C-alpha cells in the first residue's frame, strides 16, 4: 500500500447530505434513491464508453473538485471520510469504484496514482 493515493471523484449529494448545497445547486432537493439512481446511470455510461468519468465529474459532481475535473489530488489515510478512504486505497491505479457512501452523499472514485 502506498503512503498516499491520488484520486478523482464524482459526488452526487442528496437532501439528507451533510452540506445539502453545491456549486451547481443552491439547495440539493433530490432523494437518496434518486442520487443512487444517478450514480448507477453514470457507472453504466462509463462502462459502455458513452461518457468520460472526468468529463461527467467536471459538470455534474456536487463537490467543488468538479472545477478540477474531479481531482482531489493526493491524500494519506486519516484525512478523508473513512468509507471514501477505504474505497480509494482498495482500488488499483486506473480503476473505478462502484457506489461509495459518505456523510456528503454518494460517490464514484477513480484512482489515478
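Residue numbers count along the first chain shown, from 1.
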Exercise for the section: Could you say whether, by C-alpha temperature factor, residue 64 belongs to the lowest, middle or highest third of its chain? Expected result: highest
Exercise for the section: Compare the C-alpha B factor of residue 102 with those of the other modelled residues in its chain, then answer lowest, middle or highest third. Expected result: lowest
Exercise for the section: Would you check the entry's CA temperature factor for residue 57 and let me know if it's in the chain's lowest, middle or highest third? Expected result: middle
Handout entry: Lowest, middle or highest third - CA B-factor, residue 33
Key = middle
Practice task
Please rank the C-alpha B-factors of the chain's modelled residues and tell me whether residue 71 sits in the lowest, middle or highest third.
Solution key: middle
